[PDB]
>>> print(open('run-v7.txt').read())   # compact mmCIF, N, CA and C atoms
# COMPACT_ATOMS: atom_id res chain seq x y z
N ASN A 1 -15.67 -0.02 3.55
CA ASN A 1 -15.94 -0.22 2.13
C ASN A 1 -17.02 0.73 1.63
N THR A 2 -18.08 0.92 2.43
CA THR A 2 -19.15 1.83 2.06
C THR A 2 -18.64 3.26 2.00
N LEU A 3 -17.75 3.63 2.91
CA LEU A 3 -17.11 4.93 2.81
C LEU A 3 -16.08 4.99 1.70
N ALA A 4 -15.65 3.86 1.15
CA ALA A 4 -14.59 3.90 0.14
C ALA A 4 -15.13 4.33 -1.21
N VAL A 5 -16.25 3.76 -1.63
CA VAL A 5 -16.72 4.02 -2.98
C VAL A 5 -17.42 5.37 -3.08
N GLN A 6 -17.89 5.92 -1.97
CA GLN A 6 -18.55 7.21 -2.02
C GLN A 6 -17.57 8.37 -2.10
N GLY A 7 -16.29 8.11 -1.92
CA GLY A 7 -15.26 9.11 -2.10
C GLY A 7 -14.76 9.23 -3.52
N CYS A 8 -15.49 8.71 -4.49
CA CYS A 8 -15.10 8.81 -5.89
C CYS A 8 -16.26 9.22 -6.78
N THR A 9 -17.33 9.78 -6.21
CA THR A 9 -18.43 10.26 -7.03
C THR A 9 -18.00 11.50 -7.81
N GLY A 10 -18.64 11.69 -8.96
CA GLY A 10 -18.17 12.66 -9.93
C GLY A 10 -17.28 12.00 -10.97
N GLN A 11 -15.97 12.10 -10.79
CA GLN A 11 -15.03 11.45 -11.68
C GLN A 11 -14.15 10.49 -10.90
N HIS A 12 -8.49 13.63 -7.37
CA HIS A 12 -9.16 12.46 -7.91
C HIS A 12 -10.65 12.70 -8.05
N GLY A 13 -11.15 13.70 -7.32
CA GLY A 13 -12.56 14.00 -7.31
C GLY A 13 -12.87 15.38 -6.75
N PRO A 14 -14.15 15.77 -6.79
CA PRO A 14 -14.53 17.10 -6.30
C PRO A 14 -14.77 17.16 -4.80
N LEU A 15 -14.92 16.02 -4.14
CA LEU A 15 -15.11 15.93 -2.70
C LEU A 15 -13.81 15.59 -1.97
N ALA A 16 -12.69 16.14 -2.46
CA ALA A 16 -11.37 15.75 -1.99
C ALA A 16 -11.15 16.13 -0.53
N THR A 17 -11.36 17.40 -0.19
CA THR A 17 -10.95 17.86 1.13
C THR A 17 -11.88 17.42 2.25
N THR A 18 -13.06 16.90 1.95
CA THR A 18 -13.93 16.42 3.02
C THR A 18 -13.66 14.96 3.34
N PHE A 19 -13.31 14.16 2.33
CA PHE A 19 -12.93 12.77 2.54
C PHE A 19 -11.45 12.56 2.28
N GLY A 20 -10.62 13.52 2.68
CA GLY A 20 -9.20 13.45 2.46
C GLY A 20 -8.50 12.39 3.27
N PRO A 21 -8.41 12.59 4.59
CA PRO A 21 -7.67 11.63 5.42
C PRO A 21 -8.32 10.27 5.55
N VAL A 22 -9.64 10.17 5.50
CA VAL A 22 -10.27 8.87 5.68
C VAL A 22 -10.09 8.01 4.44
N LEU A 23 -10.13 8.61 3.27
CA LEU A 23 -9.75 7.84 2.09
C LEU A 23 -8.25 7.85 1.85
N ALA A 24 -7.48 8.52 2.71
CA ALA A 24 -6.04 8.34 2.68
C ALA A 24 -5.60 7.06 3.39
N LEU A 25 -6.52 6.35 4.03
CA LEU A 25 -6.16 5.11 4.71
C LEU A 25 -6.07 3.94 3.74
N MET A 26 -7.20 3.58 3.12
CA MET A 26 -7.33 2.25 2.53
C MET A 26 -6.68 2.13 1.16
N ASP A 27 -6.07 3.19 0.63
CA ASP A 27 -5.82 3.26 -0.81
C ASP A 27 -4.66 2.36 -1.24
N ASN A 28 -3.59 2.32 -0.46
CA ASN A 28 -2.25 1.83 -0.80
C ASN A 28 -1.64 2.56 -2.00
N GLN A 29 -2.13 3.75 -2.34
CA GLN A 29 -1.44 4.68 -3.23
C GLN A 29 -1.04 5.95 -2.48
N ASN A 30 -0.71 5.80 -1.21
CA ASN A 30 -0.22 6.86 -0.34
C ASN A 30 1.28 6.76 -0.14
N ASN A 31 2.01 6.53 -1.23
CA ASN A 31 3.39 6.04 -1.28
C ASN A 31 4.42 6.80 -0.44
N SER A 32 4.11 8.03 -0.04
CA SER A 32 4.91 8.72 0.97
C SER A 32 3.94 9.46 1.88
N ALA A 33 3.47 8.79 2.93
CA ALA A 33 2.60 9.42 3.91
C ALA A 33 2.92 8.95 5.32
N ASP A 34 4.07 8.28 5.50
CA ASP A 34 4.53 7.50 6.66
C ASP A 34 3.66 6.28 6.94
N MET A 35 2.71 5.97 6.06
CA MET A 35 2.03 4.70 5.83
C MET A 35 1.01 4.29 6.88
N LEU A 36 1.01 4.88 8.07
CA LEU A 36 -0.16 5.43 8.75
C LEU A 36 -1.54 4.99 8.28
N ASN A 37 -1.80 3.70 8.08
CA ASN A 37 -3.04 3.34 7.42
C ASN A 37 -3.83 2.33 8.23
N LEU A 38 -5.00 2.00 7.70
CA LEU A 38 -5.97 1.17 8.39
C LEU A 38 -5.51 -0.27 8.48
N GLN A 39 -4.86 -0.77 7.43
CA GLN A 39 -4.65 -2.21 7.31
C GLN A 39 -3.65 -2.74 8.34
N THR A 40 -2.62 -1.97 8.67
CA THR A 40 -1.71 -2.41 9.72
C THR A 40 -2.37 -2.35 11.08
N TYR A 41 -3.29 -1.41 11.26
CA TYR A 41 -3.92 -1.21 12.56
C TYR A 41 -4.75 -2.41 12.98
N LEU A 42 -5.44 -3.06 12.05
CA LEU A 42 -6.27 -4.18 12.46
C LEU A 42 -5.44 -5.41 12.78
N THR A 43 -4.26 -5.54 12.19
CA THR A 43 -3.33 -6.53 12.71
C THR A 43 -2.59 -6.02 13.92
N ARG A 44 -2.52 -4.70 14.10
CA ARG A 44 -1.95 -4.15 15.33
C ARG A 44 -2.90 -4.30 16.49
N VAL A 45 -4.16 -4.63 16.23
CA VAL A 45 -5.07 -4.91 17.32
C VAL A 45 -5.39 -6.40 17.39
N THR A 46 -5.03 -7.19 16.38
CA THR A 46 -5.33 -8.61 16.52
C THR A 46 -4.35 -9.31 17.44
N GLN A 47 -3.18 -8.73 17.69
CA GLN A 47 -2.26 -9.40 18.60
C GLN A 47 -2.47 -8.96 20.03
N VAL A 48 -3.08 -7.80 20.25
CA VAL A 48 -3.56 -7.50 21.59
C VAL A 48 -4.75 -8.38 21.92
N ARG A 49 -5.49 -8.82 20.90
CA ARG A 49 -6.46 -9.88 21.11
C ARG A 49 -5.76 -11.20 21.41
N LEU A 50 -4.69 -11.49 20.69
CA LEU A 50 -4.08 -12.81 20.76
C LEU A 50 -3.37 -13.05 22.08
N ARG A 51 -2.65 -12.06 22.59
CA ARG A 51 -2.04 -12.24 23.90
C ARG A 51 -3.08 -12.18 25.00
N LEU A 52 -4.26 -11.62 24.73
CA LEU A 52 -5.36 -11.72 25.67
C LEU A 52 -6.12 -13.02 25.55
N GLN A 53 -5.87 -13.81 24.50
CA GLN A 53 -6.47 -15.13 24.45
C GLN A 53 -5.80 -16.07 25.43
N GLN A 54 -4.50 -15.88 25.66
CA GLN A 54 -3.80 -16.73 26.62
C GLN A 54 -4.24 -16.45 28.04
N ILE A 55 -4.58 -15.21 28.35
CA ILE A 55 -5.20 -14.91 29.62
C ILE A 55 -6.61 -15.46 29.67
N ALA A 56 -7.30 -15.51 28.53
CA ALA A 56 -8.58 -16.20 28.44
C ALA A 56 -8.41 -17.71 28.35
N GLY A 57 -7.19 -18.20 28.35
CA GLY A 57 -6.94 -19.62 28.35
C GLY A 57 -6.92 -20.06 29.79
N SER A 58 -5.74 -20.42 30.30
CA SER A 58 -5.61 -20.95 31.64
C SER A 58 -6.04 -19.99 32.75
N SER A 59 -5.27 -18.91 32.98
CA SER A 59 -5.45 -17.93 34.06
C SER A 59 -5.72 -18.55 35.43
N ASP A 60 -5.09 -19.68 35.70
CA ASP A 60 -5.49 -20.59 36.77
C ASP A 60 -5.37 -20.05 38.20
N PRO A 61 -4.28 -19.40 38.63
CA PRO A 61 -4.28 -18.86 40.00
C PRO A 61 -4.63 -17.38 40.11
N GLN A 62 -5.10 -16.78 39.01
CA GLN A 62 -5.31 -15.35 38.70
C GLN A 62 -3.97 -14.66 38.45
N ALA A 63 -2.87 -15.34 38.74
CA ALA A 63 -1.61 -14.99 38.14
C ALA A 63 -1.56 -15.58 36.75
N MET A 64 -0.56 -15.12 35.98
CA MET A 64 -0.29 -15.17 34.54
C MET A 64 -1.22 -14.22 33.81
N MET A 65 -2.19 -13.67 34.53
CA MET A 65 -2.91 -12.51 34.08
C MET A 65 -2.07 -11.26 34.28
N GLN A 66 -1.57 -11.06 35.49
CA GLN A 66 -0.73 -9.90 35.73
C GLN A 66 0.68 -10.10 35.21
N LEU A 67 1.07 -11.33 34.85
CA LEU A 67 2.39 -11.53 34.26
C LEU A 67 2.49 -10.89 32.90
N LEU A 68 1.38 -10.79 32.18
CA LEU A 68 1.36 -9.97 30.98
C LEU A 68 1.20 -8.51 31.35
N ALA A 69 0.69 -8.23 32.54
CA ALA A 69 0.57 -6.85 32.96
C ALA A 69 1.81 -6.35 33.67
N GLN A 70 2.66 -7.25 34.15
CA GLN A 70 3.93 -6.85 34.72
C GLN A 70 4.85 -6.25 33.67
N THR A 71 4.66 -6.61 32.41
CA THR A 71 5.37 -5.95 31.32
C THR A 71 4.92 -4.51 31.14
N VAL A 72 3.65 -4.20 31.43
CA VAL A 72 3.18 -2.83 31.32
C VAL A 72 3.81 -1.97 32.40
N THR B 1 23.70 12.48 -43.72
CA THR B 1 22.96 12.22 -44.95
C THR B 1 22.89 10.73 -45.21
N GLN B 2 23.21 9.95 -44.18
CA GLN B 2 23.30 8.50 -44.28
C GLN B 2 22.51 7.85 -43.15
N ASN B 3 22.09 6.61 -43.39
CA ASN B 3 21.23 5.89 -42.45
C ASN B 3 21.49 4.39 -42.59
N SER B 4 22.22 3.82 -41.64
CA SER B 4 22.52 2.39 -41.67
C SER B 4 22.84 1.95 -40.24
N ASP B 5 21.96 1.14 -39.66
CA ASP B 5 22.08 0.44 -38.38
C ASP B 5 22.07 1.36 -37.16
N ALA B 6 22.06 2.68 -37.34
CA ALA B 6 22.04 3.61 -36.22
C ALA B 6 20.76 4.44 -36.22
N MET B 7 20.48 5.16 -37.30
CA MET B 7 19.21 5.86 -37.41
C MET B 7 18.06 4.90 -37.66
N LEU B 8 18.35 3.67 -38.09
CA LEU B 8 17.33 2.64 -38.20
C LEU B 8 16.69 2.37 -36.85
N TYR B 9 17.51 2.07 -35.84
CA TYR B 9 16.98 1.76 -34.53
C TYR B 9 16.39 2.99 -33.84
N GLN B 10 16.91 4.18 -34.14
CA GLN B 10 16.34 5.39 -33.55
C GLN B 10 14.94 5.64 -34.09
N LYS B 11 14.74 5.45 -35.39
CA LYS B 11 13.42 5.62 -35.96
C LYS B 11 12.50 4.46 -35.62
N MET B 12 13.04 3.35 -35.13
CA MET B 12 12.19 2.37 -34.49
C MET B 12 11.60 2.93 -33.20
N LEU B 13 12.43 3.57 -32.39
CA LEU B 13 12.01 3.93 -31.04
C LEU B 13 11.07 5.12 -31.04
N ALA B 14 11.37 6.15 -31.84
CA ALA B 14 10.59 7.38 -31.82
C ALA B 14 9.19 7.21 -32.41
N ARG B 15 8.88 6.06 -33.01
CA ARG B 15 7.51 5.78 -33.39
C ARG B 15 6.81 4.94 -32.33
N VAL B 16 7.53 4.01 -31.70
CA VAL B 16 6.90 3.13 -30.73
C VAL B 16 6.79 3.79 -29.36
N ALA B 17 7.67 4.74 -29.04
CA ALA B 17 7.56 5.49 -27.79
C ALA B 17 6.34 6.40 -27.73
N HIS B 18 5.64 6.58 -28.85
CA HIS B 18 4.38 7.30 -28.87
C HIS B 18 3.32 6.57 -28.05
N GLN B 19 3.24 5.24 -28.19
CA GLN B 19 2.07 4.52 -27.68
C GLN B 19 2.11 4.34 -26.17
N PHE B 20 3.09 3.60 -25.67
CA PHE B 20 3.00 3.03 -24.34
C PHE B 20 3.62 3.93 -23.29
N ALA B 21 2.96 4.02 -22.14
CA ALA B 21 3.45 4.81 -21.03
C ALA B 21 4.40 3.97 -20.17
N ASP B 22 4.95 4.59 -19.13
CA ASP B 22 5.91 3.93 -18.27
C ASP B 22 5.23 2.86 -17.42
N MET B 23 6.05 1.99 -16.84
CA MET B 23 5.57 0.89 -16.02
C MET B 23 6.15 1.04 -14.62
N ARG B 24 5.33 1.51 -13.68
CA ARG B 24 5.81 1.80 -12.34
C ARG B 24 5.95 0.52 -11.52
N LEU B 25 6.09 0.66 -10.21
CA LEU B 25 6.11 -0.54 -9.39
C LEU B 25 4.70 -1.07 -9.14
N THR B 26 3.72 -0.18 -9.04
CA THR B 26 2.39 -0.58 -8.59
C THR B 26 1.62 -1.30 -9.69
N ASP B 27 1.88 -1.00 -10.96
CA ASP B 27 1.27 -1.80 -12.02
C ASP B 27 2.06 -3.07 -12.31
N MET B 28 3.21 -3.25 -11.67
CA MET B 28 3.71 -4.60 -11.47
C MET B 28 2.97 -5.24 -10.31
N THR B 29 3.34 -6.48 -10.00
CA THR B 29 2.86 -7.25 -8.85
C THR B 29 1.34 -7.38 -8.74
N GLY B 30 0.61 -7.17 -9.83
CA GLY B 30 -0.84 -7.18 -9.78
C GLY B 30 -1.44 -6.09 -8.93
N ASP B 31 -2.03 -6.48 -7.81
CA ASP B 31 -2.80 -5.58 -6.95
C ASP B 31 -2.15 -5.31 -5.61
N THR B 32 -1.12 -6.07 -5.24
CA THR B 32 -0.73 -6.25 -3.85
C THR B 32 -0.08 -4.99 -3.29
N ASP B 33 -0.05 -4.90 -1.97
CA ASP B 33 0.59 -3.80 -1.24
C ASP B 33 2.09 -3.93 -1.43
N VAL B 34 2.67 -3.06 -2.24
CA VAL B 34 4.12 -3.02 -2.38
C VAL B 34 4.69 -1.78 -1.73
N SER B 35 3.86 -0.79 -1.44
CA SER B 35 4.35 0.46 -0.88
C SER B 35 4.85 0.29 0.54
N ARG B 36 4.45 -0.80 1.21
CA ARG B 36 5.02 -1.09 2.51
C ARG B 36 6.43 -1.67 2.43
N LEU B 37 6.89 -2.07 1.25
CA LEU B 37 8.20 -2.71 1.13
C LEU B 37 9.22 -1.90 0.35
N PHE B 38 8.92 -1.50 -0.87
CA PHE B 38 9.92 -0.93 -1.76
C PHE B 38 9.52 0.48 -2.17
N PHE B 39 10.42 1.44 -1.96
CA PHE B 39 10.16 2.83 -2.35
C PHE B 39 10.89 3.19 -3.63
N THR B 40 10.84 2.25 -4.57
CA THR B 40 11.59 2.29 -5.82
C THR B 40 11.35 3.55 -6.63
N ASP B 41 12.42 4.07 -7.22
CA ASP B 41 12.40 5.12 -8.22
C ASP B 41 12.95 4.55 -9.52
N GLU B 42 13.19 5.44 -10.49
CA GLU B 42 13.78 5.12 -11.80
C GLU B 42 12.92 4.09 -12.54
>>> encode(input="run-v7.txt", output="structure tokens")
Amino acid sequence: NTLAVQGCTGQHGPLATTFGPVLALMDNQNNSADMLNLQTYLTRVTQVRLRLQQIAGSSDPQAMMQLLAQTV
Amino acid sequence: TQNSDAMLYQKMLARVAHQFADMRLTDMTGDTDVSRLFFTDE
């Protein structure tokens, strides 16, 4: 957020090419960029957290830890 | 040299089309992320 508002000083702005790709993430006005953005990534990492919560759950014989790793 | 029910509606439009701009997809739906769903044109 702090990086978001500083990419609009001046008046899209005069600091375009220095904050180009990083402000190309959060905008949702990147209507053809292959959508490549920040917001999907944090849900793309919350499920690697979530399937690791089950290993942080039981993990009783130290198996069912590698059962998620047997998929890898 | 005549004007009845046809040039009437045309002169309605060519004065009102001055004011308002087009309405895209993104100024619909309020604020929400629509670019992840619909790549609408026209």
>>> atom_distance(input="run-v7.txt", atom1="CA of residue 15 (chain A)", atom2="atom C of residue 3 (chain A)")
11.8 Å
>>> interface_residues(input="run-v7.txt", of="chain A", to="chain B", cutoff="8 Å", atoms="only N, CA and C atoms", output="PyMOL selection string")
chain A and resi 28-32+35
>>> residues_around(input="run-v7.txt", residues="residue 27 (chain A)", least_positions_apart="6", cutoff="10 Å", atoms="only C-alpha atoms", output="ChimeraX atom specification")
/A:4,37-39 /B:33
>>> atom_distance(input="run-v7.txt", atom1="CA of residue 69 (chain A)", atom2="atom N of residue 36 (chain A)")
27.5 Å
>>> axis_aligned_box(input="run-v7.txt", around="region 41-56 of chain A", padding_each_side="4 Å", output="lines of an AutoDock Vina configuration file")
center_x = -5.3
center_y = -9.5
center_z = 20.5
size_x = 14.6
size_y = 24.5
size_z = 26.4
>>> atom_distance(input="run-v7.txt", atom1="atom C of residue 49 (chain A)", atom2="atom C of residue 61 (chain A)")
19.7 Å
>>> select_by_dssp(input="run-v7.txt", residues="chain A", states="alpha helix (DSSP H)", output="ChimeraX atom specification")
/A:2-5,38-55,66-69
>>> build_atoms(input="run-v7.txt", residues="region 10-36 of chain B", atoms="N, CA, C and O atoms", output="PDB file, in the coordinates of the input")
ATOM      1  N   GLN B  10      16.910   4.180 -34.140  1.00  0.00           N
ATOM      2  CA  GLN B  10      16.340   5.390 -33.550  1.00  0.00           C
ATOM      3  C   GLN B  10      14.940   5.640 -34.090  1.00  0.00           C
ATOM      4  O   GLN B  10      14.030   5.987 -33.327  1.00  0.00           O
ATOM      5  N   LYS B  11      14.740   5.450 -35.390  1.00  0.00           N
ATOM      6  CA  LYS B  11      13.420   5.620 -35.960  1.00  0.00           C
ATOM      7  C   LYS B  11      12.500   4.460 -35.620  1.00  0.00           C
ATOM      8  O   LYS B  11      11.288   4.574 -35.819  1.00  0.00           O
ATOM      9  N   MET B  12      13.040   3.350 -35.130  1.00  0.00           N
ATOM     10  CA  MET B  12      12.190   2.370 -34.490  1.00  0.00           C
ATOM     11  C   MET B  12      11.600   2.930 -33.200  1.00  0.00           C
ATOM     12  O   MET B  12      10.392   2.814 -32.966  1.00  0.00           O
ATOM     13  N   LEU B  13      12.430   3.570 -32.390  1.00  0.00           N
ATOM     14  CA  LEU B  13      12.010   3.930 -31.040  1.00  0.00           C
ATOM     15  C   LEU B  13      11.070   5.120 -31.040  1.00  0.00           C
ATOM     16  O   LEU B  13      10.035   5.103 -30.361  1.00  0.00           O
ATOM     17  N   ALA B  14      11.370   6.150 -31.840  1.00  0.00           N
ATOM     18  CA  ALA B  14      10.590   7.380 -31.820  1.00  0.00           C
ATOM     19  C   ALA B  14       9.190   7.210 -32.410  1.00  0.00           C
ATOM     20  O   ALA B  14       8.390   8.145 -32.309  1.00  0.00           O
ATOM     21  N   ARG B  15       8.880   6.060 -33.010  1.00  0.00           N
ATOM     22  CA  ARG B  15       7.510   5.780 -33.390  1.00  0.00           C
ATOM     23  C   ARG B  15       6.810   4.940 -32.330  1.00  0.00           C
ATOM     24  O   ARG B  15       5.616   5.126 -32.070  1.00  0.00           O
ATOM     25  N   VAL B  16       7.530   4.010 -31.700  1.00  0.00           N
ATOM     26  CA  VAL B  16       6.900   3.130 -30.730  1.00  0.00           C
ATOM     27  C   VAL B  16       6.790   3.790 -29.360  1.00  0.00           C
ATOM     28  O   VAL B  16       5.828   3.518 -28.624  1.00  0.00           O
ATOM     29  N   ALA B  17       7.670   4.740 -29.040  1.00  0.00           N
ATOM     30  CA  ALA B  17       7.560   5.490 -27.790  1.00  0.00           C
ATOM     31  C   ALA B  17       6.340   6.400 -27.730  1.00  0.00           C
ATOM     32  O   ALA B  17       6.054   6.963 -26.672  1.00  0.00           O
ATOM     33  N   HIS B  18       5.640   6.580 -28.850  1.00  0.00           N
ATOM     34  CA  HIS B  18       4.380   7.300 -28.870  1.00  0.00           C
ATOM     35  C   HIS B  18       3.320   6.570 -28.050  1.00  0.00           C
ATOM     36  O   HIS B  18       2.580   7.199 -27.290  1.00  0.00           O
ATOM     37  N   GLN B  19       3.240   5.240 -28.190  1.00  0.00           N
ATOM     38  CA  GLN B  19       2.070   4.520 -27.680  1.00  0.00           C
ATOM     39  C   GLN B  19       2.110   4.340 -26.170  1.00  0.00           C
ATOM     40  O   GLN B  19       1.277   4.894 -25.445  1.00  0.00           O
ATOM     41  N   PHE B  20       3.090   3.600 -25.670  1.00  0.00           N
ATOM     42  CA  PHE B  20       3.000   3.030 -24.340  1.00  0.00           C
ATOM     43  C   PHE B  20       3.620   3.930 -23.290  1.00  0.00           C
ATOM     44  O   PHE B  20       4.673   4.532 -23.516  1.00  0.00           O
ATOM     45  N   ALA B  21       2.960   4.020 -22.140  1.00  0.00           N
ATOM     46  CA  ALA B  21       3.450   4.810 -21.030  1.00  0.00           C
ATOM     47  C   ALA B  21       4.400   3.970 -20.170  1.00  0.00           C
ATOM     48  O   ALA B  21       4.632   2.790 -20.436  1.00  0.00           O
ATOM     49  N   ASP B  22       4.950   4.590 -19.130  1.00  0.00           N
ATOM     50  CA  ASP B  22       5.910   3.930 -18.270  1.00  0.00           C
ATOM     51  C   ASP B  22       5.230   2.860 -17.420  1.00  0.00           C
ATOM     52  O   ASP B  22       4.011   2.825 -17.276  1.00  0.00           O
ATOM     53  N   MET B  23       6.050   1.990 -16.840  1.00  0.00           N
ATOM     54  CA  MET B  23       5.570   0.890 -16.020  1.00  0.00           C
ATOM     55  C   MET B  23       6.150   1.040 -14.620  1.00  0.00           C
ATOM     56  O   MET B  23       7.303   0.685 -14.378  1.00  0.00           O
ATOM     57  N   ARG B  24       5.330   1.510 -13.680  1.00  0.00           N
ATOM     58  CA  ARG B  24       5.810   1.800 -12.340  1.00  0.00           C
ATOM     59  C   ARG B  24       5.950   0.520 -11.520  1.00  0.00           C
ATOM     60  O   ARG B  24       5.946  -0.585 -12.061  1.00  0.00           O
ATOM     61  N   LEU B  25       6.090   0.660 -10.210  1.00  0.00           N
ATOM     62  CA  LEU B  25       6.110  -0.540  -9.390  1.00  0.00           C
ATOM     63  C   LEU B  25       4.700  -1.070  -9.140  1.00  0.00           C
ATOM     64  O   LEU B  25       4.501  -2.278  -9.064  1.00  0.00           O
ATOM     65  N   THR B  26       3.720  -0.180  -9.040  1.00  0.00           N
ATOM     66  CA  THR B  26       2.390  -0.580  -8.590  1.00  0.00           C
ATOM     67  C   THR B  26       1.620  -1.300  -9.690  1.00  0.00           C
ATOM     68  O   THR B  26       0.797  -2.177  -9.389  1.00  0.00           O
ATOM     69  N   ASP B  27       1.880  -1.000 -10.960  1.00  0.00           N
ATOM     70  CA  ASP B  27       1.270  -1.800 -12.020  1.00  0.00           C
ATOM     71  C   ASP B  27       2.060  -3.070 -12.310  1.00  0.00           C
ATOM     72  O   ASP B  27       1.610  -3.880 -13.119  1.00  0.00           O
ATOM     73  N   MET B  28       3.210  -3.250 -11.670  1.00  0.00           N
ATOM     74  CA  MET B  28       3.710  -4.600 -11.470  1.00  0.00           C
ATOM     75  C   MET B  28       2.970  -5.240 -10.310  1.00  0.00           C
ATOM     76  O   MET B  28       2.089  -4.632  -9.695  1.00  0.00           O
ATOM     77  N   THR B  29       3.340  -6.480 -10.000  1.00  0.00           N
ATOM     78  CA  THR B  29       2.860  -7.250  -8.850  1.00  0.00           C
ATOM     79  C   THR B  29       1.340  -7.380  -8.740  1.00  0.00           C
ATOM     80  O   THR B  29       0.834  -7.657  -7.647  1.00  0.00           O
ATOM     81  N   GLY B  30       0.610  -7.170  -9.830  1.00  0.00           N
ATOM     82  CA  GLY B  30      -0.840  -7.180  -9.780  1.00  0.00           C
ATOM     83  C   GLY B  30      -1.440  -6.090  -8.930  1.00  0.00           C
ATOM     84  O   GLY B  30      -1.345  -4.900  -9.258  1.00  0.00           O
ATOM     85  N   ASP B  31      -2.030  -6.480  -7.810  1.00  0.00           N
ATOM     86  CA  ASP B  31      -2.800  -5.580  -6.950  1.00  0.00           C
ATOM     87  C   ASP B  31      -2.150  -5.310  -5.610  1.00  0.00           C
ATOM     88  O   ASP B  31      -2.604  -4.408  -4.897  1.00  0.00           O
ATOM     89  N   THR B  32      -1.120  -6.070  -5.240  1.00  0.00           N
ATOM     90  CA  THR B  32      -0.730  -6.250  -3.850  1.00  0.00           C
ATOM     91  C   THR B  32      -0.080  -4.990  -3.290  1.00  0.00           C
ATOM     92  O   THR B  32       0.356  -4.104  -4.030  1.00  0.00           O
ATOM     93  N   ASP B  33      -0.050  -4.900  -1.970  1.00  0.00           N
ATOM     94  CA  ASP B  33       0.590  -3.800  -1.240  1.00  0.00           C
ATOM     95  C   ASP B  33       2.090  -3.930  -1.430  1.00  0.00           C
ATOM     96  O   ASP B  33       2.726  -4.799  -0.832  1.00  0.00           O
ATOM     97  N   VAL B  34       2.670  -3.060  -2.240  1.00  0.00           N
ATOM     98  CA  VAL B  34       4.120  -3.020  -2.380  1.00  0.00           C
ATOM     99  C   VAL B  34       4.690  -1.780  -1.730  1.00  0.00           C
ATOM    100  O   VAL B  34       5.895  -1.753  -1.416  1.00  0.00           O
ATOM    101  N   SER B  35       3.860  -0.790  -1.440  1.00  0.00           N
ATOM    102  CA  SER B  35       4.350   0.460  -0.880  1.00  0.00           C
ATOM    103  C   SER B  35       4.850   0.290   0.540  1.00  0.00           C
ATOM    104  O   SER B  35       5.607   1.119   1.049  1.00  0.00           O
ATOM    105  N   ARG B  36       4.450  -0.800   1.210  1.00  0.00           N
ATOM    106  CA  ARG B  36       5.020  -1.090   2.510  1.00  0.00           C
ATOM    107  C   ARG B  36       6.430  -1.670   2.430  1.00  0.00           C
ATOM    108  O   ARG B  36       7.098  -1.740   3.455  1.00  0.00           O
TER     109      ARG B  36
END
